[PDB]
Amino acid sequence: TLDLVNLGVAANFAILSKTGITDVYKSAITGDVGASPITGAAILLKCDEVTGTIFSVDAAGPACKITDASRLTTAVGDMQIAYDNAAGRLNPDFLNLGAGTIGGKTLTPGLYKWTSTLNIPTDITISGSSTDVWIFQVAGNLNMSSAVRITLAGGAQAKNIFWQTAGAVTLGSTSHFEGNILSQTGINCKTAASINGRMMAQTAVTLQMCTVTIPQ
């Protein structure tokens, strides 16, 4: 059975990036947000958008920000370890499933690999027990189209799902995502996209009136 990706301190964040967090007001974030090593000024969230703590490396950032460089250093470090752990898993259960387009699929537990961009143009289901683990390894971009919903079935939980992407993630407007995103690059959410899962970007997270909730 497939081991969890250990996020270490990064587990405490709904959104963690390296070059900031942009926003089209109003978004709804539940969980802590942070960015390092970029200045807190690069977090463009207001205080009324975040239920949780906004962490900054410095004296800049939103009014409510807490300055904690040392915690953000560990979190981003942990996020990179998680990214490398997820990317490094061997012996996939699936390689190039749906030739890189997986709309309408029900995904069962295990390790999936794509040597391409992964596209999700229509609704999918992720189906398994409360303790089953999914790791999706994507060597290109990850695209989910407008209005596309990931459904969890069988007791599958968002905290047991990891999406590792070598390229940028693009969540289409009104889309509903489930799981942790470990992006080597950006995570770009469009108007009124929901994410039940963490957005861990080694560049930036961009929001457009999005809802982000840390998985429970």
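Start at 1 and count along the sequence shown; that's the residue number.
In the PDB entry, a CA B factor belonging to the highest third of its chain's modelled residues is recorded for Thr101. When the modelled residues of the chain are ordered by C-alpha B-factor, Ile29 sits in the lowest third. Ranked within its chain, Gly172 lands in the middle third, by CA B factor from the PDB record. Per-chain ranking of the deposited C-alpha B factor places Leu72 in the lowest third. In the deposited entry, the Cα temperature factor of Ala192 places it in the highest third of its chain's modelled residues.
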